[PDB]
């Protein structure tokens, strides 16, 4: 009998195995990676603590890691993003997973802690992270442990106080110097996403980052496919499943026109919305305008749009006074980060009426309502199924190569994968979708000053 998991319903494993099988066919990067490195066992001896959305696509990553030799513990990095049948399938395969769709904030953090008590004793020795929560627990616990503890009493939001409480409990409960023990053994962290990657650079900049980091996010085959086309597919999926609204004839507002805002704007415009965009970056604003989006402030958009999406990575994008101005039954959601793009906390003393999981109606004192999706957390993973498998194969092939890099083939800074590996990720996905790549003849290669086998662009190229 296996005891060391927490999932909604183990019986869901066969359903999860079915969808994993279908996903494998859609993830050639991952499957080709298994066949290349399976034989070579480059992660043999890895103990990978994984904190990343426990979806069907992540199950395929997990078993890739396990096929490369890795020993695994896993949690979701979001309280609503777990796909319970994926988690059930992993648990039934003997991998400790602690992931429930709709976990509480306290459970979310307790489970993250569980990643570091390895089965058979000891710590992890690699972190695979999305949004940086597992890395942040290690760093906060290490800093409290070095003696700097007043910060844990700093008042904050609810989640922030749960986190401080968790660090206090681990310090009270684990042996002296537990966090230093973990920090010592972690050989590297690979980070999936823009927000978490920004945290890593700020810590590398303060000299406060405890082990090397590979920025998986800014592989070109991650940032310009997952963040862009992922969201182009999965944002409108989230909105439709949450609300079933007609998008043709609607006005949508997207805050942010980075990779996620571009894909989000595109998702809504392809689905038939007339899209407006806000930006603080004049180059990205000019991109939006050249794509035919009206570029406006949120104050301008607030009374006009039918649908609002935050896509910034920033905080306080849609505020109480915007929502006060919205039309009755405007739809509001977040595809960027955490839950602070929208001022969710300032809504908690209005009447919330739950419609169904991750769909709520919020009523203002003047009787106008808004429809809030996933309580302001990632809408594509919360209200639907996240990005489809194929584009996740790109991102997760990057993740697997990043773990191989950090556990085998780096100083205490933040690195990207070499461009020939990035190009390799692309190559692995072309045959599945029928691309026939041309090859430079040698004189054509020489003419533009590249090798026939690449890299084809300088490190500065932006695609």
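Residue numbers count along the first chain shown, from 1. If you superpose the two forms and keep the largest set of C-alpha atoms that fall within 1.5 Å, you have the rigid core.
The stretch that strays farther, by root mean square C-alpha distance over structures and residues in 4 other deposited structures of this protein after a rigid core fit, is 152 to 160, when 137 to 145 is set against 152 to 160. Core superposition of the other structures onto this form places the C-alphas of 199 to 207 farther off in 4 other deposited structures of this protein than those of the other stretch among 261 to 269 and 199 to 207. Where coordinates are absent for parts of the deposited sequence, a chain break appears; between neighbours residue 420 and residue 421 there is no such break. Relative to one another, 101 to 109 and 221 to 229 have unequal mean CA B-factors, and 101 to 109 is the one with the higher figure. Taking the PDB entry as given, 132 to 140 carries the higher mean Cα B factor of the two stretches 132 to 140 and 367 to 375.
If you compare the C-alpha temperature factors of 428, 56, 414, 49 in the entry, 414 comes out highest. The entry assigns its greatest Cα B factor, within the set 255, 204, 296, 326, to 204.
Per-chain ranking of the deposited C-alpha B factor places residue 443 in the middle third. Sorting the modelled residues of the chain by their CA temperature factor places residue 352 in the middle third. In the deposited entry, the Cα temperature factor of residue 196 places it in the middle third of its chain's modelled residues.
Residue 269: CA B factor lies in the lowest third for its chain, per the PDB record.
When all modelled residues of the chain are sorted by CA temperature factor, residue 31 is found within the middle third.
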